[PDB]
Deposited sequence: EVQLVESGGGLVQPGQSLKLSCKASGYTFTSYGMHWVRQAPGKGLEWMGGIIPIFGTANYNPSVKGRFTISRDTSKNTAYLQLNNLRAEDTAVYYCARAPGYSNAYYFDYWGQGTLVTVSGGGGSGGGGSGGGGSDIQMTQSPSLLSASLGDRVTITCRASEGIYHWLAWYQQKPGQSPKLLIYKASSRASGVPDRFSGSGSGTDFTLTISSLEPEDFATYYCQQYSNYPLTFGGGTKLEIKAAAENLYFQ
């Protein structure tokens, strides 16, 4: 089994440097990409950058470009995120994720569990509703909109409390392996949806959509699916 393990997170002072490591196992290290995705507390996902296989080149998020350094060591089967001149904004759980060995598959099929760092023009992805209340056995459809055409290069992730995001859908309608039938995706161009046909207890999570048409890779703000009783009124905003 594929396993990514982040380490090096701790409590740091503003202005300090900190290096994070992503140790990878259970697959051929050189055939794939490695990316860093962070998450501020009670916030959404933010792509830091990535290393492309074969060329070994690094791409960044303009937001952190020039400040952070993504490196790799094939002999150690480790990828690195070098944090420099840290500040409040950087307080986040840092994840390392694997992108498949395909030139147009820049979604994340595997993630580590994360390492917390505590400091003492792009395609905008808009999600709706930002928060929604529903019951068991209900059909729900949630929406993602891109600010421009992204063909059908859209992925959906499910994120459970204290867990790392898990790939649900890629190619906008392709289900990831180990993903039940009740999850479906549709769309092309700018309008995409995710449908859960009949809600189960496992499904009450935060869903994120992510475009992979162009760099930088960008996520939606999220939809938090909360539970309520069948006798309760539905809520969404």
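- Gap without C-alpha coordinates occurs only at 121-134, with positions taken along the deposited sequence from 1.
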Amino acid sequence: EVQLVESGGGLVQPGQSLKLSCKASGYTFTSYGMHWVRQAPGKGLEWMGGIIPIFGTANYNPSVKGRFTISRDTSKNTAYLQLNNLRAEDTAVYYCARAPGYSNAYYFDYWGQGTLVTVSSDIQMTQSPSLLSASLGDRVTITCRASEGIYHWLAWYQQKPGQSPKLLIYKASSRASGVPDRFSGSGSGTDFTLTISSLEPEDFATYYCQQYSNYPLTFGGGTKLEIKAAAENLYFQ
From here on, numbers count along this sequence of modelled residues.
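- Mean CA B-factor, 71-79 versus 107-115: the higher value falls on 71-79.
- Comparing the C-alpha B-factors of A176, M48, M34, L199 in the entry, the top value falls on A176.
- Among all modelled residues in this chain, the alpha-carbon of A146 has a temperature factor (C-alpha) in the middle third.
- Ranked within its chain, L4 lands in the lowest third, by CA B factor from the PDB record.
- Among the modelled residues of its chain, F55 has a C-alpha B-factor that falls in the middle third according to the deposited record.
- Sort the chain's modelled residues by C-alpha temperature factor and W156 lands in the middle third, per the entry.
- In the deposited entry, the Cα temperature factor of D90 sits in the bottom third of values across the chain's modelled residues.
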